[PDB]
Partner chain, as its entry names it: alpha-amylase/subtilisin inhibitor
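Read the single chain below, which is given as structure tokens and is the form deposited without its partner chain.
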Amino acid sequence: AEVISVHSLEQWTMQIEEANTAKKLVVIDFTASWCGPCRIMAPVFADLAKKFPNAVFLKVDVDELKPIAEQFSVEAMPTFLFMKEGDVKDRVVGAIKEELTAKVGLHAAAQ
């Protein structure tokens, strides 16, 4: 299991429909290349994706896929968004490593 970098609206679509069919948790890192705390959270996110291979970990650049950042009103980065079967379960705003880790544990958990 790896972080998928979601570059196009098509990859977004595929990744979301497939996870929803499988009823998997989706964790999304809304990120920006210029964003210091974003670069810093990259390896943390990557490590959680390895540790929870039954959740789908997505990365979305807020500058590249504006409509996706916008539908979730993401104007602070990094923002970690937790979603399952269409519902937003949770969010972490900023490089808060323990808060990200805890909510992945809680939401990936044998529900």
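Numbering follows the first chain given and starts at 1.
Averaged over Cα atoms, the B-factor as recorded in the entry is higher for 49 to 57 than for the other of 68 to 76 and 49 to 57. Higher average CA B factor: 33 to 41, of the stretches 77 to 85 and 33 to 41.
Separately, the form solved in complex with its partner chain exists; it is not shown, and the next lines address it.
Only one segment in the set 49 to 57, 36 to 44, 22 to 30, 82 to 90 has residues whose heavy atoms sit within 4.5 Å of its partner chain in the deposited bound form; it is 36 to 44. Interface residue remark: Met77 is counted as part of the site for its partner chain in the deposited bound form, having a heavy atom within 4.5 Å. Using a 4.5 angstroms threshold between heavy atoms, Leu100 stays clear of its partner chain in the deposited bound form.
Though the partner is left out of this view, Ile16 does not reach within 4.5 Å of its partner chain in the deposited bound form, counting heavy atoms only.
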